[PDB]
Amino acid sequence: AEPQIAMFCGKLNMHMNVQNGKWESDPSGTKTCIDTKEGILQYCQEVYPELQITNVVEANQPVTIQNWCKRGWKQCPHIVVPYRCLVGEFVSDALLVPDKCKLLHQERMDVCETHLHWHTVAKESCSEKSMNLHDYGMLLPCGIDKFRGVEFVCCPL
């Protein structure tokens, strides 16, 4: 469905086949987990050669992937947080706002922060309102997997 890569150190990297919706192993059969966000961007671009990959961001929920392989597609379950391979000009995510829930957002031109930082901001913001955080997404990229803001949905308990 959506372009994304998933890693578990010791195994070959996985990526989402957008045509059939299945997770597939590294095409070269050699690439394992990557240490920098810049390297993840390069791997996204390698495994999606037809797509204009411009950034990466952690997915918001983990996925259970079976059939992880070792080097050479040998010895082919792990619950991992994948990285979304973002395409072209940055497009903010559309968030579900159910009845009685509220869309909140925060943009700070002097702050360049991580996905984890903005998740914490959104979670604490909903909690301080006696509400629960549901969907959230990043705003305003300032680097590779770095952002200046967050959009998020708070819902009643």
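The numbering used is simple: start at 1 and walk along the sequence shown.
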- Counting only residues of the deposited sequence, how many between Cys76 and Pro77 have no atoms in the entry (none, 1 to 3, 4 to 9, 10 or more)? 1 to 3
- Ranked by mean Cα B-factor in the entry, 65-73 and 103-111, top stretch is 65-73
- Mean CA B-factor: is it higher for 88-96 or for 30-38? 30-38
- Query: Out of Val150, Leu157, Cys154, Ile5, which residue has the highest Cα temperature factor in the PDB record?
  - Reply: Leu157
- Which of these has the highest Cα B-factor in the record: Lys146, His134, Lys11, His15? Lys11
- By the record's CA B-factor, is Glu58 among the lowest, middle or highest third of residues in the chain? lowest
